[PDB]
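Protein chains in written order, with PDB author numbering: chain C, 601 to 617, 623 to 641; chain B, 598 to 641. The beta-carbon is built from N, C-alpha and C at its ideal position, and this holds for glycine as well.
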């Protein structure tokens, strides 16, 4: 269920309305700032 | 086990892209329709 949850969190970053991200939080914050 | 009729207030608060987050189910359904409606609300 980790794969579907990470997919849905990748959609939720763009959804504009969290798994273990020890180095992936940099990826998420860059993608979110870029998206907004 | 507590969002029988509370999905109404859930989506009606997520009309304006900010509400109280209730955990969406694992059936790939509510998340996709809320993503489409959230894209529409960004357009709005």
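Specify, as a first and last residue, the run of the alpha helix (DSSP H) that residue i falls within.
i	result
residue 630(C)	629-640
residue 600(B)	Element bounds for residue 600(B): n/a, residue is neither H nor E.
What does the alpha-carbon distance come out to for the pair residue i and residue j?
i	j	result
residue 640(C)	residue 614(C)	7 Å
residue 613(B)	residue 636(B)	11 Å
residue 639(B)	residue 627(C)	30 Å
residue 636(C)	residue 625(C)	17 Å
residue 630(C)	residue 606(B)	31 Å
Tell me whether residue i is buried or exposed, calling it buried when 16 or more other Cβ atoms sit within 10 Å of its Cβ.
i	result
residue 611(B)	buried
residue 603(B)	exposed
For a contact meaning CB atoms closer than 7 Å, what does residue i contact in chain C?
i	result
residue 639(B)	616
Using a cut-off of 9 Å between C-beta atoms, extract the partners of residue i located in chain C.
i	result
residue 607(B)	None at all; the shortest Cβ gap to chain C is about 11 Å.
Are residue i and residue j close, meaning C-beta to C-beta below 8 Å?
i	j	result
residue 621(B)	residue 631(B)	yes
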